[PDB]
Structures are given as C-alpha cells and as structure tokens.
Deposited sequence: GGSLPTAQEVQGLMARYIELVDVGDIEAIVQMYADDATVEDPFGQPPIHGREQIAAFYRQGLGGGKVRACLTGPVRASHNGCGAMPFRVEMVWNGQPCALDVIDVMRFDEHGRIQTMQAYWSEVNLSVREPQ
C-alpha cells in the first residue's frame, strides 16, 4: 500500500499524464476493479474499456495543473486540488476540481472521485 510520500508522487504523476494527454498511460494507473465518479454524484464508471472511453472523450488541448499540494493519508489515499484548462468549441474554459483517490496494495488507483460542478467552471 503506497506510503503518504508515494501517494503524493502517484497523484502528481496522474495530473502530469492528464496534462500531456496520454490516455494509455492514465488507464494503466487504474486497477482492474477501479471505479471513476466524475463528477462525484454521477454513477460510477467501471470496466477498463469504459474508463479508457471516459478519458478518450474527456481528453481526445486539455491542460491540467495542481493548484495546491497533494494531501496524503497513511492508508493509501489522498486528495488534491487542480485546475483544468480546456477549449469548448474554440473557447478557453477552466474548471477547478478536487480529486480524491484510493490506491490498492499494488499502487494502482482503486477509486477516483472528482468533486466539481458548474459553480467551479469559468469562461
């Protein structure tokens, strides 16, 4: 189970991979039985093909960067604030998000929860 320092590293790596847009490398970070709730409040996505499809839809000119430190626990979990910059039909947008993640004993993402709503979106 990743240590607190290791959680900080894995969560920051996740943001770096979103920022470059490497869907394959993102999906590799997930465990077989992982779930993604994004935005939190929506039904969970599960299944490796389904998680890949989610990232392909979302990322298929998106940029993302941490906007504060990763907060990590001693039980393989963490939470991080970040901002996503995207273009909607040629229009620059930004979205503030916090992801909460639980990692398994192999260092793979078991659960991803992305908190945000329209109150967090600007143009």
* Asked: In sequence order, what intervals of the deposited sequence carry no C-alpha positions?
  -> 1 to 3, 64 to 65, 129 to 132
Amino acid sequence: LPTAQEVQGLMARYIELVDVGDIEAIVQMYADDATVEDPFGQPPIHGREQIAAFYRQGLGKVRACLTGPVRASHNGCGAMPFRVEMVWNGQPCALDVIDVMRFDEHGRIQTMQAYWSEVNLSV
From here on, numbers count along this sequence of modelled residues.
* Asked: So 21 to 29 or 108 to 116, which one's hotter by mean CA B-factor in the entry?
  -> 21 to 29
* Structure fact -> The stretch whose C-alpha atoms carry the larger average B-factor in the entry, 77 to 85 or 51 to 59, is 51 to 59
* Structure fact -> Residue set 93, 66, 98, 36, per-entry CA B-factor max assigned to 93
